[PDB]
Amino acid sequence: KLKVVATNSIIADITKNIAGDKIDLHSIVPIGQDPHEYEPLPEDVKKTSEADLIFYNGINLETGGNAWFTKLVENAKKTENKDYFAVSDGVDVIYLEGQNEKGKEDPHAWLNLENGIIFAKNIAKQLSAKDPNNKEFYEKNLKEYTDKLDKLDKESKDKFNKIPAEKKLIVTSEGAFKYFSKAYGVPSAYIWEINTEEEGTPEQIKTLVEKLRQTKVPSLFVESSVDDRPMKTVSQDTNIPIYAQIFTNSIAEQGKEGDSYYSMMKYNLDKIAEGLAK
């Protein structure tokens, strides 16, 4: 079978929904770990060296900081846009501090569903190019999968559009929800910016408290993958409850709620639409 490597569980899950058992699939970053600044293990090196097709997020997720993915493909003698492909190719990129420069792309594109669809379309295209025998199969799965994502996307947009606008603010610890904000029409507020060295300092917490005091936002949220003590402090200091934990950069373990890209997103969308309507 085609040997495929995905850098993280979101990409791997989307890939599974396109390819089913037609491929040999290895995922590098395990469920619940952070795909930024990961350390590949020997099995990852072996699988990537053997791979026919390699998918990564791109837009600086795996190539910033320690640039682990770059090191991995260079050692594996794999070539950009021949062996390995950024599944974010084609997304409408957001830049940190709104400054369009290479390296300032915000990586968190999958947190709106239109980009999950783009991810899937890129995955299907490259599976089909490397394994034409199964092209019809990949394309059928692509349509089914992207239909599923599109329905959820439209339903969620309809819900957000109904919420009184004074309540519409997505508050999280890290500013990782800017693509979500763009797509669903819900402005972002947060304790610390992407790629900040110190997470959850007194300066940062105070800043967010002072902003939220002037708002009517009814719920805050917290990422399952961050230390929740800064947001708990913000919650206490503003008297705004934390409604839910939400997913950011990983699906959940198999069998749990959110154990696929689709169900991860449905959980997020469901909890945030619920929480902001309070």
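Start at 1 with the first residue shown and count on from there.
- According to the PDB record, 157-165 carries the higher mean C-alpha B-factor of the two stretches 180-188 and 157-165.
- Averaged over CA atoms, B-factors in the entry run higher in 63-71 than in the other of 222-230 and 63-71.
- When the C-alpha B-factors of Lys121, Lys77, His108, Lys104 are ranked from the entry, the top spot goes to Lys77.
- When the C-alpha B-factors of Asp92, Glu114, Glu197, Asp83 are ranked from the entry, the top spot goes to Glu197.
- Ranked within its chain, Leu96 lands in the middle third, by CA B factor from the PDB record.
- Sorting the modelled residues of the chain by their CA temperature factor places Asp259 in the middle third.
- Sorting the modelled residues of the chain by their CA temperature factor places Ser235 in the lowest third.
- In the deposited entry, the Cα temperature factor of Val171 sits in the bottom third of values across the chain's modelled residues.
- Among all modelled residues in its chain, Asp21 ranks in the highest third by Cα B-factor.
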